[PDB]
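Read the structure below first, then the notes.
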Amino acid sequence: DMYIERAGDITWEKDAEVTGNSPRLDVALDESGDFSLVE
Amino acid sequence: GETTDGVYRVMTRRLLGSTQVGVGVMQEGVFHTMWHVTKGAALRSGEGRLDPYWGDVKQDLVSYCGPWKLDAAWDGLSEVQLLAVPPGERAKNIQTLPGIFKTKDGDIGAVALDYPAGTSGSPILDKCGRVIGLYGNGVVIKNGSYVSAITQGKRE
Ligand SMILES: Cc1cc(CO)c2cccc(NC(=O)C3CCNCC3)c2n1
């Protein structure tokens with residue numbers, strides 16, 4: 001049996017750690033909601 | 001139960017100790033998460049009970065107490081923020097410029113940030129603080145690193 005606990009407000013924060021890249025990927029989505037890499 | 005707007009952890013005790021299985025957003029009295037987190041199961045907020053209202057396994061989304069409320073969209077240009085809520089750790093904004101999922105049915109925003117599976121449901125924001133979708137349905141690329149869709153539902 002699952003329960004929920006508050007964790008924070010939803011706010012844009014200035015000078016958050018900036019990171020990750022921006023990859024453009026060819027993907028397929030099956031009927032089970034699973035993404036896959038087309039190649 | 002607590003119905004204050006904001007972000008929440010999704011916990012279970014059915015396992016060893018208390019385990020964070022995911023995350024969600026409360027807005028306009030509706031709770032928003034990903035289907036693979038709850039599998040459409042009822043939830044508890046203190047003593048209050050939340051019942052599923054809408055859900056789609058293929059979108060991998062589910063709403064509780066009412067219809068899907070979040071309708072903001074990535075503009076296709078700007079940096080965004082993942083409000084990561086990882087298991088056992090405090091909420092944390094990470095700023096990123098999303099990449100792209102190209103599919104036969106159109107293009108989706110994607111964020112290249114690897115966090116634990118229990119972070120599934122953490123919201124992605126624009127600079128106005130509006131939620132443009134949820135983190136945690138994605139793919140493992142050649143390297144071995146994880147990339148998530150920006151998953152957004154329809155508001156009716
Ligand atoms: C293997 C892996 C690794 C990581 C982080 O390293 C994940 C992080 C969040 C969510 C995950 N799961 C999904 O995206 C599934 C895909 C199939 N549809 C249901 C959700 C992850 N899966």
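Labeling convention for the structure tokens: chains A, B, ... as they appear, residues from 1 per chain, ligands from 1 in order of appearance.
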Please, which residues of chain A lie no more than 6 Å from chain B when the count uses only C-alpha atoms, and can they be set out as a CSV table (one decimal) with N, CA and C atoms, in the first residue's frame?
chain,number,residue,atom,x,y,z
A,1,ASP,N,0.9,-1.2,0.0
A,1,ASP,CA,0.0,0.0,0.0
A,1,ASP,C,0.9,1.3,0.0
A,2,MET,N,0.6,2.1,-1.0
A,2,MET,CA,1.6,3.3,-1.3
A,2,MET,C,1.1,4.6,-0.7
A,3,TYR,N,2.0,5.4,-0.3
A,3,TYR,CA,1.6,6.7,0.4
A,3,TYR,C,2.5,7.8,-0.1
A,4,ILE,N,2.0,9.1,0.0
A,4,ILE,CA,2.8,10.2,-0.5
A,4,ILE,C,3.2,11.2,0.6
A,5,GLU,N,4.4,11.8,0.5
A,5,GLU,CA,5.0,12.7,1.5
A,5,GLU,C,5.5,14.0,0.7
A,6,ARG,N,5.1,15.2,1.1
A,6,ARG,CA,5.5,16.4,0.4
A,6,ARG,C,7.1,16.5,0.4
A,7,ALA,N,7.7,16.9,-0.7
A,7,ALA,CA,9.1,17.0,-0.8
A,7,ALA,C,9.6,18.4,-1.2
A,8,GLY,N,8.8,19.4,-1.6
A,8,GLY,CA,9.2,20.7,-2.0
A,8,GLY,C,8.1,21.5,-2.7
A,9,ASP,N,8.3,22.8,-2.9
A,9,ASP,CA,7.5,23.6,-3.8
A,9,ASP,C,8.1,23.4,-5.2
A,10,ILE,N,7.3,23.8,-6.2
A,10,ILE,CA,7.7,23.7,-7.7
A,10,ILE,C,8.0,25.1,-8.1
A,11,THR,N,9.3,25.4,-8.1
A,11,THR,CA,9.9,26.8,-8.4
A,11,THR,C,11.1,26.7,-9.3
A,12,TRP,N,11.3,27.6,-10.2
A,12,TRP,CA,12.5,27.9,-11.0
A,12,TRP,C,13.5,28.5,-10.0
A,16,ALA,N,21.0,27.3,-10.4
A,16,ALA,CA,21.0,25.8,-10.3
A,16,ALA,C,22.2,25.3,-11.0
A,17,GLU,N,22.8,24.2,-10.5
A,17,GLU,CA,23.9,23.5,-11.3
A,17,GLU,C,23.4,23.2,-12.7
A,18,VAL,N,24.0,23.7,-13.7
A,18,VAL,CA,23.7,23.5,-15.2
A,18,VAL,C,24.5,22.3,-15.7
A,19,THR,N,23.9,21.4,-16.4
A,19,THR,CA,24.6,20.1,-16.8
A,19,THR,C,23.7,19.3,-17.8
A,20,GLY,N,24.2,18.1,-18.1
A,20,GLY,CA,23.8,17.3,-19.2
A,20,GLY,C,23.9,17.9,-20.6
A,22,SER,N,22.4,17.3,-25.0
A,22,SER,CA,21.2,17.5,-25.8
A,22,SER,C,21.1,16.6,-27.0
A,23,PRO,N,21.1,15.2,-26.8
A,23,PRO,CA,21.2,14.2,-27.9
A,23,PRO,C,19.9,14.1,-28.7
A,24,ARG,N,20.0,14.1,-30.0
A,24,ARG,CA,18.9,13.9,-31.0
A,24,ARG,C,18.8,12.4,-31.3
A,25,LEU,N,17.8,11.7,-30.9
A,25,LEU,CA,17.7,10.2,-31.0
A,25,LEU,C,16.5,9.8,-31.8
A,26,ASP,N,16.6,8.8,-32.7
A,26,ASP,CA,15.6,8.1,-33.4
A,26,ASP,C,15.0,7.0,-32.5
A,27,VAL,N,13.8,7.1,-32.1
A,27,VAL,CA,13.2,6.1,-31.1
A,27,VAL,C,11.9,5.7,-31.7
A,28,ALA,N,11.5,4.5,-31.3
A,28,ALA,CA,10.1,3.9,-31.5
A,28,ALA,C,9.4,3.7,-30.1
A,31,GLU,N,3.4,-0.4,-27.7
A,31,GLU,CA,2.0,-0.3,-27.1
A,31,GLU,C,2.1,-0.5,-25.6
A,32,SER,N,3.2,-1.0,-25.1
A,32,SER,CA,3.5,-1.1,-23.6
A,32,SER,C,4.1,0.2,-23.1
A,33,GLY,N,4.3,1.3,-23.9
A,33,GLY,CA,4.9,2.5,-23.4
A,33,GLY,C,6.4,2.4,-23.2
Pull the closest atom pair for each residue of chain A that gets at most 10 Å from ligand 1, along with the distance in Å to one decimal, counting only C-alpha atoms and all ligand atoms, ordering rows by chain and then ascending residue number, as a tab-separated table.
residue	atom	partner	partner_atom_place_in_ligand_line	distance
A:29	CA	ligand 1	18 (N)	9.7
A:30	CA	ligand 1	18 (N)	9.8
A:32	CA	ligand 1	18 (N)	7.4
A:33	CA	ligand 1	18 (N)	5.6
A:34	CA	ligand 1	17 (C)	4.5
A:35	CA	ligand 1	17 (C)	6.7
A:36	CA	ligand 1	17 (C)	9.1
(message) Please report the interatomic distance between atom CA of residue 86 of chain B and atom CA of residue 33 of chain B in Å with one decimal.
(response)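 Between these atoms lies a distance of 14.7 Å.
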(request) Kindly give the distance, in Å, that separates atom CA of residue 54 of chain B and atom CA of residue 70 of chain B, rounded to a single decimal. (result)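 Between atom CA of residue 54 of chain B and atom CA of residue 70 of chain B the gap works out to 13.3 Å.
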(message) If DSSP is run on the backbone, what residues of chain A are strand (DSSP E or B)? A reply as a PyMOL selection string would be ideal.
(response) chain A and resi 2-8+18+24-29+35-37
(request) Run DSSP on the backbone and grab whatever in segment 9-140 of chain B lands in alpha helix (DSSP H); send it over as a list in words. (result) residues 35, 36, 37 and 38 of chain B
C-alpha atoms of the current selection, written as a CSV table (one decimal), in the first residue's frame:
chain,number,residue,atom,x,y,z
B,35,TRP,CA,1.8,4.7,-14.7
B,36,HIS,CA,4.9,2.4,-14.1
B,37,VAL,CA,5.2,4.0,-10.6
B,38,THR,CA,1.8,3.1,-9.0
(message) Rounded to one decimal, what separation in Å do you get between atom CA of residue 117 of chain B and atom CA of residue 72 of chain B?
(response)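 Going from atom CA of residue 117 of chain B over to atom CA of residue 72 of chain B, I get 24.3 Å.
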Long-range neighbours of residue 152 of chain B as a compact mmCIF listing (two decimals) with N, CA and C atoms, in the first residue's frame, 7 Å cut-off, only C-alpha atoms, 5 positions minimum in chain:
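Result went into selection-v7.txt, see below:
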# COMPACT_ATOMS: atom_id res chain seq x y z
N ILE B 132 6.26 21.16 -17.56
CA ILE B 132 6.19 20.84 -19.02
C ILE B 132 6.23 19.32 -19.19
N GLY B 133 6.32 18.59 -18.08
CA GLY B 133 6.13 17.14 -18.08
C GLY B 133 6.91 16.44 -16.99
N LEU B 134 6.92 15.13 -17.04
CA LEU B 134 7.47 14.28 -15.96
C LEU B 134 8.62 13.47 -16.51
